[PDB]
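S.K.: One structure is given below, represented as structure tokens, and several questions about it will come after.
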Amino acid sequence: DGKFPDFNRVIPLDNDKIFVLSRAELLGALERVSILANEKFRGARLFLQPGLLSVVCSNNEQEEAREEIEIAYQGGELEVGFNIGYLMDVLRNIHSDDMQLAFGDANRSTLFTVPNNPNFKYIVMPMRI
Amino acid sequence: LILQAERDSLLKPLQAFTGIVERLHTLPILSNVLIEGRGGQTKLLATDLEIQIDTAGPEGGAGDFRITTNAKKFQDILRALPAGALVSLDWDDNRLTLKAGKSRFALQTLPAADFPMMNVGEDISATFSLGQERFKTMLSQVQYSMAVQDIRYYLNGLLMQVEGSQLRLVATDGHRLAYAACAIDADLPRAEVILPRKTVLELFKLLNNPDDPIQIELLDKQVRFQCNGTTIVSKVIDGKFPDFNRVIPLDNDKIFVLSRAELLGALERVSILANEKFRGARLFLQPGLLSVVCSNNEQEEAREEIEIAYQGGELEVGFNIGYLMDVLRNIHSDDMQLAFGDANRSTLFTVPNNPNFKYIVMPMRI
Amino acid sequence: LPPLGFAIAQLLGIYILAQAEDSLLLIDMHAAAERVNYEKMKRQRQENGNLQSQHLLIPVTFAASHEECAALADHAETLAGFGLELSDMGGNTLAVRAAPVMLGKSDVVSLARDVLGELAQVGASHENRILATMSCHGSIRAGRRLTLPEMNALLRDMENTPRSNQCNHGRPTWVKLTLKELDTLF
Amino acid sequence: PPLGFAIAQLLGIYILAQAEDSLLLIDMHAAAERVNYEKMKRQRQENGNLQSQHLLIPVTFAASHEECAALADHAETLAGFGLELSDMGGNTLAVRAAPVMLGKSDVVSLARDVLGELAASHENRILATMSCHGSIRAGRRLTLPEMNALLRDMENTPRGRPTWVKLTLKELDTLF
């Protein structure tokens, strides 16, 4: 019994940095890089540059893990932090081949969608790592 | 650059160093696996100051090196990689750089000088070998009777005794005893060791080549098992095992053979309505019939009956149902032979026409 | 039944701590169990005239000093009355085939030796060897009391069994700390 | 030679040794009790104490209340008998060390004898009271090589039942 939040103000509308990449490959990369991340809060940094997406993680013991993925991207660079659990959950629970990632700036919502599937939306807001 | 090899060629040898490696030991380096490259060959080592296991690793290594790196992180990184990817290990100061595709991992390493090694004895008293499947079968037949953390440390283990051409495995907790034996192609002086439970479990994991044999060497308070390119060295539980010959009854005249699967199913069905603190089950043995009865606090009763080729006098006897189900599960024979004395004396569980396995349980007065 | 307490754990080897409505209580397991074992053994002795027996796997290798074998040659009916049935192996050794229940768990040689050396000088006629002399097992001396679903069973020691407050000397066997242990934090 | 050469054992209590005369039945527990008594007294008059041996996983007795205070009484006597034992807590004790030449046993029994004797003076509780261990009672009967070492019992040692020969073909009269 209660009023659920209005999800319309939630969803971003102007995310310009859009690229589509393999769901399985990105999920495997996130699983690999999360091994050497801090085990409690799991800060993962994504570096987005034309043609490359890099995922970097680090932990208490000054250890670092880094993976890279080739993507069809040409826009501006963007460094954005995330709680890797939120990134991994959608990739685990979605059974589509490709996923479309839309970024605005590193301070606001990131949109996860399935190409040619207007019925599914997933919004995560970043941390400052 | 210190090493370069395929993923599985590194991952598989590491999987022999997980049970022994304590994820949180008081010594930090004990959480690390030791990697040693020498003469174009790689060796992987691990220990807990009590069980030391080593094996051969990949071969694509240029130069000699000795490092220790965190076992869990390294193994998780290896298993997270695609099965068939190339892995390159570089060494930079106190760091190990793992490279696979577009994946980098900057692990921190500890010097191999601080990695502890067991001062393995040089006093081999007996050496033999036997089929891995046979040894694994014997260990499975005897392991469930070991006492888990008893006040007597020698019962918290498995007695391995070689005498003449006979190898015997004995386990007991004080309320039951499992004895297994086999013929070994050797003539050895009577020796005996008490393998700790951790050694028993690691050895159980090790035996994965049923067609190949395993070599066992008895040392000065040590046992070394060698097989599949893997060597395990373990300290023994010092002390004297109970003389298993007194334990085995020789006068249980109420003998009958019945299907093991039938009795196991009966016990599993009737245990559901058994008392939770005591977990007792009453066996009613009468000519032609064996009844398994259980009852609980809530005035509920479960009862199953089994046709038996039995002739002798009646007997009501209580048993701890876990003891019965242990032997009924860990023996893979079709039939089992039950030998009963009287209500307050031991019961013998055997495999018909198989003198090499014996199992003794005392009853409980239910 | 709001009891004495509800056992929560062990304490470094000799105490068992139990939480109740008041605080955690430190029961000296050996002392309290000696009290309750003496009480139960005497209650089971005044009734049925003998102690409850139990047999067991793996006899004990007694080693049986000379005249103790002759004491066993003397009527072992009393030994069966103390719950200890034992047999002669040869020369001057013995082995116990049955130990009394309520003790078990090790060192049965000490119990049998106590009662059998008492069998010298028949007069009996004292019966106060069933005390700490025969209660020279108590509970576990310093090793293990299971994983808790038996600790509460000893925590039920003094329910329906008298002689609780004052032990064999007067030393307390339980509570000292109350909920106001915050003073210790200063 | 003399006293024979051990060939086997008889049901658990005897060790029969072959000599030029005949085979001799040695009561192994009694013979070992006598030899241990002699060895302990020889090691007692010289060096003034028995040879101690620390052991792994000590055994904890039970330790009746006044026996703990007897341990509070000078424990150097117990160390003189080769018995070092500590108090674990409550009213229980454990032997950190046991005498050699007795080693594996119901060490609780030896410690209990020497501790309950502390109810002063005296010396001869080192006899069968301390030799309440002897050899292994009726089992384990270690094989012929050390059986001969046991057959060297009265060698180097003097000194109440006899522990040897009866075979003079009297068993022949018993069977013929």
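How things are named: the first chain in the structure tokens is A, the next is B, and so on; residues count from 1 in each chain; ligands count from 1 in the order shown.
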With a cut-off of 12 Å, could you pull out the residues of range 156-225 of chain B touching range 246-268 of chain B and give me the nearest pair of atoms for each, distance in Å to one decimal, using only C-alpha atoms, ordered by chain and ascending number, as a tab-separated table?
M.R.:
```
residue	atom	partner	partner_atom	distance
B:170	CA	B:247	CA	11.0
B:171	CA	B:247	CA	11.5
B:172	CA	B:247	CA	10.0
B:174	CA	B:247	CA	10.1
B:175	CA	B:247	CA	10.5
B:176	CA	B:247	CA	9.2
B:177	CA	B:247	CA	7.8
B:178	CA	B:248	CA	9.7
B:179	CA	B:248	CA	9.2
```
S.K.: Would you pick out the contacts of residue 30 in chain B at 12 Å or less, using only C-alpha atoms, so that residues sharing its chain but fewer than 6 positions from it are not included, and give the list as JSON, numbers by chain?
M.R.: {"B": [17, 18, 20, 21, 22, 23, 24, 45, 46, 47, 48, 49, 50, 51, 52, 68, 69, 70, 71, 72, 110, 112, 114, 115, 116, 117]}
S.K.: Quick check: residues of chain B within 12 Å of chain C, only C-alpha atoms, returned as JSON, numbers by chain.
M.R.: {"B": [148, 149, 150, 151, 152, 153, 155, 172, 173, 174, 175, 176, 177, 241, 242, 243, 244, 245, 246, 247, 248, 249, 276, 277, 278, 343, 344, 345, 346, 347, 360, 361, 362, 363, 364, 365]}
S.K.: Output the contact residues of chain A with respect to chain B at a cut-off of 9 Å, based on only C-alpha atoms, as a list in words.
M.R.: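 Result: residues 28, 29, 31, 32, 33, 35, 36, 61, 62, 63, 64, 65, 66, 67, 68 and 69 of chain A.
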S.K.: Per residue of chain D within 8 Å of chain C, what are the shortest atom pair and its distance in Å to one decimal, counting only C-alpha atoms, with rows by chain and residue number, as a tab-separated table?
M.R.:
```
residue	atom	partner	partner_atom	distance
D:12	CA	C:90	CA	7.7
D:13	CA	C:90	CA	6.1
D:27	CA	C:91	CA	7.4
D:29	CA	C:91	CA	7.4
D:30	CA	C:91	CA	7.9
D:60	CA	C:141	CA	6.6
D:61	CA	C:141	CA	7.1
D:62	CA	C:136	CA	5.6
D:63	CA	C:136	CA	7.1
D:64	CA	C:136	CA	6.4
D:88	CA	C:142	CA	7.1
D:89	CA	C:14	CA	6.0
D:90	CA	C:14	CA	6.0
D:91	CA	C:30	CA	7.3
D:92	CA	C:141	CA	5.9
D:106	CA	C:109	CA	7.8
D:108	CA	C:110	CA	7.8
D:109	CA	C:110	CA	6.8
D:128	CA	C:65	CA	7.3
D:129	CA	C:65	CA	7.5
D:132	CA	C:65	CA	6.0
D:133	CA	C:63	CA	6.2
D:134	CA	C:63	CA	7.8
D:136	CA	C:63	CA	7.7
D:137	CA	C:63	CA	5.1
D:138	CA	C:93	CA	6.6
D:139	CA	C:61	CA	7.9
```
S.K.: Please write the residues from the selection above to a file, keeping N, CA, C and O atoms, as an mmCIF file, in the first residue's frame.
M.R.:
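So the final result, stored in part.cif, reads:
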```
data_model
loop_
_atom_site.group_PDB
_atom_site.id
_atom_site.type_symbol
_atom_site.label_atom_id
_atom_site.label_comp_id
_atom_site.auth_asym_id
_atom_site.auth_seq_id
_atom_site.Cartn_x
_atom_site.Cartn_y
_atom_site.Cartn_z
ATOM 1 N N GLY D 12 48.481 -64.109 23.453
ATOM 2 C CA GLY D 12 48.496 -62.718 23.866
ATOM 3 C C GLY D 12 49.274 -62.393 25.124
ATOM 4 O O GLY D 12 49.638 -61.233 25.341
ATOM 5 N N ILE D 13 49.535 -63.390 25.964
ATOM 6 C CA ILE D 13 50.238 -63.160 27.219
ATOM 7 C C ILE D 13 51.625 -63.781 27.242
ATOM 8 O O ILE D 13 52.482 -63.306 28.004
ATOM 9 N N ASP D 27 56.265 -64.827 30.493
ATOM 10 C CA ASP D 27 55.143 -63.944 30.792
ATOM 11 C C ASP D 27 55.583 -62.523 30.466
ATOM 12 O O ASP D 27 56.228 -61.859 31.279
ATOM 13 N N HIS D 29 54.244 -59.549 30.101
ATOM 14 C CA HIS D 29 53.876 -58.408 30.933
ATOM 15 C C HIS D 29 54.637 -58.417 32.252
ATOM 16 O O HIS D 29 55.153 -57.381 32.681
ATOM 17 N N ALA D 30 54.727 -59.578 32.906
ATOM 18 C CA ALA D 30 55.468 -59.662 34.162
ATOM 19 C C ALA D 30 56.958 -59.419 33.950
ATOM 20 O O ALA D 30 57.602 -58.725 34.748
ATOM 21 N N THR D 60 44.082 -35.265 29.225
ATOM 22 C CA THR D 60 43.565 -34.543 30.382
ATOM 23 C C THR D 60 42.792 -35.526 31.264
ATOM 24 O O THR D 60 42.023 -36.346 30.742
ATOM 25 N N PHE D 61 43.053 -35.515 32.584
ATOM 26 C CA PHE D 61 42.557 -36.631 33.396
ATOM 27 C C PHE D 61 41.093 -36.468 33.801
ATOM 28 O O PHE D 61 40.211 -37.122 33.240
ATOM 29 N N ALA D 62 40.822 -35.529 34.717
ATOM 30 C CA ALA D 62 39.619 -35.481 35.557
ATOM 31 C C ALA D 62 39.935 -34.764 36.866
ATOM 32 O O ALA D 62 39.199 -33.867 37.285
ATOM 33 N N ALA D 63 41.019 -35.185 37.526
ATOM 34 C CA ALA D 63 41.728 -34.383 38.526
ATOM 35 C C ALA D 63 40.819 -33.965 39.688
ATOM 36 O O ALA D 63 40.414 -32.807 39.813
ATOM 37 N N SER D 64 40.479 -34.953 40.518
ATOM 38 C CA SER D 64 39.740 -34.687 41.751
ATOM 39 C C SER D 64 40.341 -33.505 42.510
ATOM 40 O O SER D 64 41.535 -33.211 42.405
ATOM 41 N N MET D 88 44.749 -27.276 33.432
ATOM 42 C CA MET D 88 44.050 -26.621 32.333
ATOM 43 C C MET D 88 43.003 -25.633 32.826
ATOM 44 O O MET D 88 42.728 -24.636 32.147
ATOM 45 N N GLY D 89 42.414 -25.887 33.991
ATOM 46 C CA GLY D 89 41.369 -25.033 34.519
ATOM 47 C C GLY D 89 40.296 -25.827 35.233
ATOM 48 O O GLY D 89 40.252 -27.055 35.115
ATOM 49 N N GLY D 90 39.418 -25.141 35.959
ATOM 50 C CA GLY D 90 38.427 -25.827 36.766
ATOM 51 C C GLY D 90 39.083 -26.758 37.763
ATOM 52 O O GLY D 90 39.738 -26.307 38.707
ATOM 53 N N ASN D 91 38.909 -28.062 37.568
ATOM 54 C CA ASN D 91 39.605 -29.071 38.358
ATOM 55 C C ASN D 91 40.119 -30.182 37.449
ATOM 56 O O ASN D 91 39.848 -31.362 37.667
ATOM 57 N N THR D 92 40.830 -29.823 36.381
ATOM 58 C CA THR D 92 41.365 -30.825 35.470
ATOM 59 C C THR D 92 42.825 -30.514 35.144
ATOM 60 O O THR D 92 43.257 -29.357 35.191
ATOM 61 N N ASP D 106 47.958 -45.697 29.453
ATOM 62 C CA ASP D 106 47.009 -44.870 30.187
ATOM 63 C C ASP D 106 47.810 -43.979 31.140
ATOM 64 O O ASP D 106 47.853 -44.178 32.354
ATOM 65 N N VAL D 108 47.277 -41.314 32.315
ATOM 66 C CA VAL D 108 46.443 -40.839 33.412
ATOM 67 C C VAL D 108 46.608 -41.736 34.631
ATOM 68 O O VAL D 108 46.623 -41.255 35.766
ATOM 69 N N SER D 109 46.761 -43.046 34.423
ATOM 70 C CA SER D 109 46.893 -43.964 35.553
ATOM 71 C C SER D 109 48.196 -43.734 36.316
ATOM 72 O O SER D 109 48.199 -43.680 37.551
ATOM 73 N N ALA D 128 55.558 -51.740 40.986
ATOM 74 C CA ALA D 128 54.393 -52.105 40.184
ATOM 75 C C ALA D 128 53.279 -51.062 40.228
ATOM 76 O O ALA D 128 52.440 -51.014 39.323
ATOM 77 N N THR D 129 53.242 -50.239 41.278
ATOM 78 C CA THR D 129 52.348 -49.085 41.276
ATOM 79 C C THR D 129 52.710 -48.113 40.155
ATOM 80 O O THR D 129 51.831 -47.631 39.429
ATOM 81 N N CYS D 132 52.537 -50.029 36.821
ATOM 82 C CA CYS D 132 51.151 -50.321 36.479
ATOM 83 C C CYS D 132 50.898 -50.156 34.995
ATOM 84 O O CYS D 132 49.767 -50.231 34.484
ATOM 85 N N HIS D 133 52.001 -49.914 34.292
ATOM 86 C CA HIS D 133 52.031 -49.923 32.841
ATOM 87 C C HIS D 133 52.715 -51.167 32.290
ATOM 88 O O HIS D 133 52.160 -51.829 31.411
ATOM 89 N N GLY D 134 53.892 -51.522 32.807
ATOM 90 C CA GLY D 134 54.585 -52.717 32.339
ATOM 91 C C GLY D 134 54.899 -52.638 30.858
ATOM 92 O O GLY D 134 55.346 -51.608 30.349
ATOM 93 N N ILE D 136 52.871 -53.424 27.020
ATOM 94 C CA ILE D 136 51.485 -53.393 26.585
ATOM 95 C C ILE D 136 50.782 -54.611 27.171
ATOM 96 O O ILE D 136 51.322 -55.725 27.176
ATOM 97 N N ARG D 137 49.577 -54.394 27.698
ATOM 98 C CA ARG D 137 48.978 -55.329 28.649
ATOM 99 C C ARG D 137 48.830 -56.731 28.067
ATOM 100 O O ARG D 137 49.470 -57.680 28.536
ATOM 101 N N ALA D 138 47.983 -56.884 27.048
ATOM 102 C CA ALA D 138 47.765 -58.200 26.459
ATOM 103 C C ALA D 138 47.686 -58.174 24.937
ATOM 104 O O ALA D 138 47.362 -59.206 24.335
ATOM 105 N N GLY D 139 47.967 -57.040 24.297
ATOM 106 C CA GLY D 139 47.897 -56.933 22.858
ATOM 107 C C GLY D 139 49.159 -56.315 22.288
ATOM 108 O O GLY D 139 50.102 -55.997 23.014
#
```
S.K.: Could you list the residues in chain D lying within 8 Å of chain B, using only C-alpha atoms, and format the result as an NGL selection string?
M.R.: :D and (56-57 or 140)
S.K.: Hey, what's within 10 Å of range 177-181 of chain C if we count only C-alpha atoms and toss same-chain stuff fewer than 3 positions away? As a list in words, please?
M.R.: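 Using only C-alpha atoms, the neighbours found are residues 21, 22, 23, 24, 25, 26, 174, 184, 185 and 186 of chain C.
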S.K.: Just the selected residues (N, CA, C and O atoms), exported as a short mmCIF file (atom, residue, chain, number, x, y, z; two decimals), in the first residue's frame, please.
M.R.:
```cif
data_model
loop_
_atom_site.label_atom_id
_atom_site.label_comp_id
_atom_site.auth_asym_id
_atom_site.auth_seq_id
_atom_site.Cartn_x
_atom_site.Cartn_y
_atom_site.Cartn_z
N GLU C 21 17.43 -14.07 30.61
CA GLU C 21 16.81 -12.75 30.74
C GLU C 21 17.69 -11.76 31.48
O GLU C 21 17.51 -10.55 31.32
N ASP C 22 18.64 -12.24 32.28
CA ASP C 22 19.49 -11.36 33.07
C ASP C 22 20.77 -10.99 32.32
O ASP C 22 21.00 -9.81 32.03
N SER C 23 21.59 -11.97 32.00
CA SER C 23 22.88 -11.75 31.34
C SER C 23 23.43 -13.10 30.90
O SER C 23 22.74 -14.13 31.00
N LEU C 24 24.67 -13.11 30.42
CA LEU C 24 25.36 -14.36 30.16
C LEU C 24 25.92 -14.92 31.46
O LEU C 24 26.43 -14.18 32.31
N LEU C 25 25.81 -16.23 31.61
CA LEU C 25 26.15 -16.93 32.84
C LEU C 25 27.28 -17.90 32.52
O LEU C 25 27.21 -18.61 31.51
N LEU C 26 28.30 -17.93 33.38
CA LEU C 26 29.45 -18.81 33.20
C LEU C 26 29.28 -20.02 34.11
O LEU C 26 29.52 -19.94 35.32
N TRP C 174 28.28 -21.12 38.74
CA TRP C 174 27.56 -20.34 37.74
C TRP C 174 27.61 -18.85 38.05
O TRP C 174 28.59 -18.36 38.63
N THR C 184 32.51 -2.48 33.52
CA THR C 184 33.80 -3.01 33.09
C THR C 184 34.36 -2.22 31.91
O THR C 184 35.57 -2.20 31.70
N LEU C 185 33.49 -1.56 31.15
CA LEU C 185 33.90 -0.76 30.00
C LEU C 185 34.44 0.61 30.40
O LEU C 185 34.57 1.48 29.53
N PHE C 186 34.76 0.83 31.67
CA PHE C 186 35.34 2.10 32.10
C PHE C 186 36.76 1.89 32.64
O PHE C 186 37.14 0.78 32.98
#
```
S.K.: Quick one, how far is CA of residue 131 in chain C from CA of residue 38 in chain C?
M.R.: 5.7 Å
S.K.: Pick out each residue of range 182-355 of chain B that DSSP on the backbone tags as strand (DSSP E or B); I need them as an MDAnalysis selection string.
M.R.: chainID B and resid 182:196 213:218 222:227 230:235 254:259 280:286 289:295 301:307 315:320 335:340 347:351 354:355
S.K.: Please write the residues from the selection above to a file, keeping C-alpha atoms, as a CSV table (one decimal), in the first residue's frame.
M.R.:
```
chain,number,residue,atom,x,y,z
B,182,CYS,CA,43.0,-55.3,-0.6
B,183,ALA,CA,45.9,-57.3,-2.0
B,184,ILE,CA,49.0,-55.2,-2.9
B,185,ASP,CA,51.7,-56.7,-5.2
B,186,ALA,CA,54.5,-56.3,-2.6
B,187,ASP,CA,55.9,-57.8,0.6
B,188,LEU,CA,56.3,-55.1,3.2
B,189,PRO,CA,57.1,-55.0,6.9
B,190,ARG,CA,54.1,-54.2,9.1
B,191,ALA,CA,53.7,-50.4,9.1
B,192,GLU,CA,50.8,-48.1,9.8
B,193,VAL,CA,50.0,-44.4,9.6
B,194,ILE,CA,47.0,-42.3,10.6
B,195,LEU,CA,46.1,-40.0,7.7
B,196,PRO,CA,44.4,-36.8,8.9
B,213,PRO,CA,48.2,-46.5,-10.4
B,214,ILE,CA,49.2,-44.4,-7.4
B,215,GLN,CA,52.4,-44.8,-5.4
B,216,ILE,CA,52.3,-44.5,-1.6
B,217,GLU,CA,55.5,-44.0,0.4
B,218,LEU,CA,55.6,-44.1,4.3
B,222,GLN,CA,55.1,-38.5,6.9
B,223,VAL,CA,53.2,-40.0,3.9
B,224,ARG,CA,53.8,-39.2,0.3
B,225,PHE,CA,51.4,-40.0,-2.5
B,226,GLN,CA,52.5,-39.7,-6.1
B,227,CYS,CA,50.3,-40.0,-9.2
B,230,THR,CA,51.1,-34.7,-8.7
B,231,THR,CA,52.9,-35.2,-5.3
B,232,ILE,CA,51.2,-34.8,-1.9
B,233,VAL,CA,53.2,-34.9,1.4
B,234,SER,CA,51.3,-35.0,4.6
B,235,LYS,CA,52.1,-35.3,8.3
B,254,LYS,CA,21.6,-64.2,13.0
B,255,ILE,CA,22.7,-63.7,9.4
B,256,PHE,CA,20.6,-62.7,6.4
B,257,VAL,CA,21.2,-61.1,3.0
B,258,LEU,CA,19.0,-58.4,1.6
B,259,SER,CA,19.0,-55.8,-1.2
B,280,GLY,CA,16.8,-43.7,16.2
B,281,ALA,CA,15.3,-46.5,14.2
B,282,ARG,CA,14.2,-49.9,15.5
B,283,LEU,CA,14.8,-53.1,13.4
B,284,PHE,CA,12.5,-56.0,14.1
B,285,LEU,CA,14.1,-59.2,12.8
B,286,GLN,CA,11.8,-62.2,12.6
B,289,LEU,CA,10.5,-60.4,7.8
B,290,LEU,CA,12.6,-57.3,8.7
B,291,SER,CA,10.7,-54.2,9.9
B,292,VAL,CA,12.1,-50.7,10.1
B,293,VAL,CA,10.2,-48.5,12.5
B,294,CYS,CA,10.6,-44.8,13.5
B,295,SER,CA,8.5,-42.6,15.7
B,301,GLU,CA,5.1,-43.5,13.2
B,302,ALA,CA,6.7,-44.7,10.0
B,303,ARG,CA,7.1,-48.4,9.3
B,304,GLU,CA,8.4,-50.3,6.3
B,305,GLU,CA,8.7,-54.1,5.9
B,306,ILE,CA,11.1,-56.1,3.8
B,307,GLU,CA,10.9,-59.7,2.8
B,315,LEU,CA,15.5,-59.8,17.6
B,316,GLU,CA,14.5,-56.1,18.3
B,317,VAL,CA,17.5,-53.8,18.0
B,318,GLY,CA,17.8,-50.0,17.8
B,319,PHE,CA,20.3,-48.2,15.6
B,320,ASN,CA,21.4,-44.6,14.9
B,335,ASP,CA,23.2,-56.8,-1.7
B,336,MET,CA,24.3,-56.6,1.9
B,337,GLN,CA,24.8,-59.3,4.5
B,338,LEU,CA,23.6,-58.4,8.1
B,339,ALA,CA,25.0,-60.4,11.0
B,340,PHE,CA,23.2,-59.9,14.4
B,347,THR,CA,26.2,-55.9,14.4
B,348,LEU,CA,28.3,-56.8,11.4
B,349,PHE,CA,27.6,-55.4,7.9
B,350,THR,CA,29.3,-57.1,5.0
B,351,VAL,CA,29.2,-57.7,1.2
B,354,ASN,CA,33.4,-60.4,-0.1
B,355,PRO,CA,35.7,-60.8,2.9
```
S.K.: Quick one: residues within 8 Å of range 134-141 of chain B, only C-alpha atoms counted, chain neighbours fewer than 2 positions away excluded, as a VMD selection string?
M.R.: chain B and resid 130 to 132 143 to 144 169 178 to 181 200 204 207 210 327 330 to 331 357
S.K.: For range 75-83 of chain A, find every residue with an atom within 6 Å (counting only C-alpha atoms), except residues of its own chain fewer than 2 positions away, and show them as a list in words.
M.R.: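 Counting only the stated atoms, we get residues 42, 43, 44, 45, 46, 47, 48, 49, 85, 86, 106, 126, 127, 128 and 129 of chain A.
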S.K.: Suppose we keep N, CA, C and O atoms; can you now write the selection as a compact mmCIF listing (two decimals), in the first residue's frame?
M.R.:
```txt
# COMPACT_ATOMS: atom_id res chain seq x y z
N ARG A 42 32.99 -2.11 -5.14
CA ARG A 42 33.10 -2.48 -6.55
C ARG A 42 32.92 -1.27 -7.48
O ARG A 42 31.96 -1.17 -8.24
N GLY A 43 33.88 -0.35 -7.38
CA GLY A 43 33.94 0.74 -8.33
C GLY A 43 34.59 0.29 -9.63
O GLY A 43 35.69 -0.26 -9.63
N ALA A 44 33.89 0.51 -10.75
CA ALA A 44 34.40 0.16 -12.06
C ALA A 44 34.35 1.38 -12.96
O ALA A 44 33.29 2.00 -13.10
N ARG A 45 35.48 1.74 -13.56
CA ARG A 45 35.57 2.92 -14.41
C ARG A 45 35.54 2.53 -15.88
O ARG A 45 36.28 1.63 -16.30
N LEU A 46 34.69 3.19 -16.65
CA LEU A 46 34.55 2.98 -18.08
C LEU A 46 35.11 4.19 -18.80
O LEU A 46 34.68 5.33 -18.56
N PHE A 47 36.09 3.95 -19.67
CA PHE A 47 36.68 4.96 -20.54
C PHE A 47 36.15 4.73 -21.95
O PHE A 47 36.37 3.66 -22.52
N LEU A 48 35.46 5.72 -22.49
CA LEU A 48 34.82 5.62 -23.80
C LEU A 48 35.53 6.56 -24.76
O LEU A 48 35.48 7.79 -24.58
N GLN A 49 36.18 6.00 -25.76
CA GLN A 49 36.85 6.76 -26.80
C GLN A 49 36.45 6.18 -28.15
O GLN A 49 35.97 5.05 -28.22
N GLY A 85 27.86 -4.27 -10.03
CA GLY A 85 26.72 -5.16 -9.89
C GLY A 85 25.54 -4.75 -10.74
O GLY A 85 24.87 -5.59 -11.35
N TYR A 86 25.25 -3.44 -10.79
CA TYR A 86 24.16 -2.95 -11.62
C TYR A 86 24.43 -3.23 -13.09
O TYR A 86 23.51 -3.59 -13.84
N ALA A 106 29.11 12.12 -17.27
CA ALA A 106 29.47 11.21 -16.18
C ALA A 106 28.74 11.50 -14.88
O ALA A 106 29.04 10.85 -13.87
N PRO A 126 25.53 6.84 -12.23
CA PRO A 126 26.93 6.52 -11.92
C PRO A 126 27.34 6.96 -10.52
O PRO A 126 26.72 7.81 -9.88
N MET A 127 28.42 6.35 -10.05
CA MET A 127 29.18 6.83 -8.91
C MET A 127 30.44 7.55 -9.41
O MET A 127 30.79 7.49 -10.59
N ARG A 128 30.87 8.35 -8.44
CA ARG A 128 32.09 9.07 -8.58
C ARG A 128 33.18 8.31 -7.72
O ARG A 128 33.31 8.29 -6.25
N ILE A 129 33.96 7.62 -8.58
CA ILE A 129 35.00 6.77 -8.06
C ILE A 129 36.34 7.36 -8.04
O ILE A 129 36.58 8.53 -7.79
```
S.K.: Give the helix (DSSP H, G or I) residues of chain D, as assigned by DSSP on the backbone, as a PyMOL selection string.
M.R.: chain D and resi 28-45+65-72+76-80+107-116+144-151+170-175
S.K.: Calculate how many Å separate CA of residue 205 in chain B from CA of residue 31 in chain B, rounding to one decimal.
M.R.: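 It comes out at 20.0 Å.
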S.K.: Which polymer residues have any atom within 7 Å of an atom of range 38-55 of chain D, counting only C-alpha atoms, with same-chain residues fewer than 5 positions away left out, as a list in words?
M.R.: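 Those residues are residues 80, 81, 82, 83, 96, 97, 98, 99, 100 and 157 of chain D.
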S.K.: Can you tell me how far CA of residue 175 in chain D sits from CA of residue 19 in chain D, in Å to one decimal?
M.R.: 22.2 Å
